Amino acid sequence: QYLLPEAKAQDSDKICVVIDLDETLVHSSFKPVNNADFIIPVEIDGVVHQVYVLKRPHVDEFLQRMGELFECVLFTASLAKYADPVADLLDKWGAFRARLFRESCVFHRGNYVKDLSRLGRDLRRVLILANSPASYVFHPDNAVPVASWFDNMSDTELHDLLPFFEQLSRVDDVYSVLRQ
C-alpha cells in the first residue's frame, strides 16, 4: 500500500511537495529558549519534557502560499508526538494534506531517507524541500535544497525560494527544470 491515499479532487492536478520539518521550517530544542514561538510538552518514558520551538522567518507566508501552489505533505524523521502538535500550531491554513513521520522513512546507512517512490504520486510531479541531501538520496532530481536553520532571525531562504516554487508549481514535469 502507498504512503498517501489518492489525491482529493482539489489536489490531483497539482504537484506534490514533500516538506521536512526540522531545520527546514522550524527548529526545536530541549534547551530552554526565551521568547519561543511554541513550547510543546513531550512525554518520554513517562516523564514530560518541554520542547522549545522557533519558527523560521517567513514560514507563515511560505506555508500559506505553498498550500495553494501544491498538494503539500509533511514528511519528518521525527516522531508524531512531537511533530503533530507542532504542525497543529504551524499550519494555520490546512496546507498539509497529509503527515508522515519516522516510521514512514527508510533508515539507510544511518540516515532517514524520504523515499518518494512509496508516496503514490507520479515522480514527474513530486518535489521534496529538505535541508539535508541525506533526506533525498534516492531522489536527488526531485529536490530543492534549503540551508539548515537554527535561530538566525535574518534568514530569508523561505521568502527567496517562493518565486522558484511559483515557477515549479506550473510545469508539467519537474525533471524538465531540475534535470532527469
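Numbers for residues come from their place in the sequence shown, where the first is 1.
Comparing 40-48 with 141-149, the stretch with the higher mean C-alpha B-factor in the PDB entry is 40-48. When the mean C-alpha temperature factors of 51-59 and 116-124 are read from the deposited coordinates, 116-124 comes out higher. Ranked by Cα temperature factor within the chain, residue 11 sits in the middle third according to the deposited record.
In this PDB entry, the Cα temperature factor of residue 22 sits in the middle third of its chain's modelled residues. In the PDB entry, a CA B factor belonging to the highest third of its chain's modelled residues is recorded for residue 91. Residue-level temperature factors show residue 71 in the lowest third of its chain, judged at the C-alpha atom.
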